[PDB]
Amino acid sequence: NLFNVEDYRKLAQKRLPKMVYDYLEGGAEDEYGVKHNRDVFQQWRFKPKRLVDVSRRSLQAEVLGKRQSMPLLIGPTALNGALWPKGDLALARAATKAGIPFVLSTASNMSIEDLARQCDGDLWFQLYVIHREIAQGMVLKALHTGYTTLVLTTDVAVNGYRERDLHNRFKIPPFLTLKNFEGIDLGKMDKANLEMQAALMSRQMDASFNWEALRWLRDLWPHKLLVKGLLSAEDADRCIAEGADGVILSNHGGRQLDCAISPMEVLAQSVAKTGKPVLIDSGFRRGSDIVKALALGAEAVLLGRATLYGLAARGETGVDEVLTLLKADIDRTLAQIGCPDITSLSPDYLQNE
């Protein structure tokens, strides 16, 4: 009985080792954040437009100018290989088969190059900056291997206090490795090359990365660039002013700061202020959640745990299934509210509760 994302979560919890399941499902501190990410969607209800011809519906939509089957993406998530063998590839392939982009995490279990070589869909690369020099290396790799978009994640200055991992003393599975970091020279005896090892043996990122650093990166990357982790129209506007082609409003699926607002709380305002593509994630599970954000102006929604449940439960076929249900879910919702074309969504179909 697999008819929604929740059913896949249930199945995933039965198949995953508790430790891994907690790594996946867990949130920061009390986990009031993740609950909030879910609850915030009830602040809006639908006001369908009747007697509208919805016999022919369309979910197609442009994201940053490029058309894709639907306004969805499989967002960047670390250690997918722990959920299922070659998890990263299984995800990218289901995404490509669904006609939507896939974002490879800097902390993936499959390197930037190997994926690009084994998958021809639209690949995006999410970037964390541990060491500026090493950062430039990955960016260039992703560039030379055909990744169309770069995403800078900024909400992990320091690691979120996730008590589930603490209790379980979570440890990256032995057979898994941070493949994008493998090979990084450790022979040089001079300056860097040694302070670099300091960063490399340090599971902590460059907390100094600031606006000036964003400029640096904007020059390095010539294609579409997005800043992820924003929770304010002000920050989103600055990102656009500094060169970003768009932003991703999110609270990292409630895994960084338990009391962070839901990005849904600043979506309309960010959309109105930036005048540029505003994507979003964190809390999405139902097609209705997705449509509400879209109706509010979001350009597209990135899926995090949702598709991961499909991966953990049934691997690649599982992701396909989740993507299928969600597409059907979205389509069904568009029909129900009388908005046959997904690109015509607006605040009109919503009611503030």
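Heads up: residue numbers just count along the shown sequence, starting at 1.
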| item | value |
| --- | --- |
| Mean C-alpha temperature factor, higher of 271 to 279 and 109 to 117 | 109 to 117 |
| 282 to 290 set against 55 to 63, stretch whose average Cα temperature factor tops the other in the entry | 55 to 63 |
| Options 256, 177, 77, 154 - largest CA temperature factor per the record | 177 |
| Residue with maximal Cα B-factor (values as given in the PDB entry) among 71, 229, 160, 146 | 146 |
| Where the record places residue 87 (Cα B-factor, split into thirds across the chain) | middle |
| Third of the chain's Cα B-factor distribution that residue 101 belongs to, per the entry | lowest |
| Residue 4, C-alpha B-factor rank within chain (lowest, middle or highest third) | middle |
| Assigned third (lowest, middle, highest) for the C-alpha B factor of residue 250 | lowest |
| Residue 126 - Cα temperature factor, lowest/middle/highest third of chain | middle |
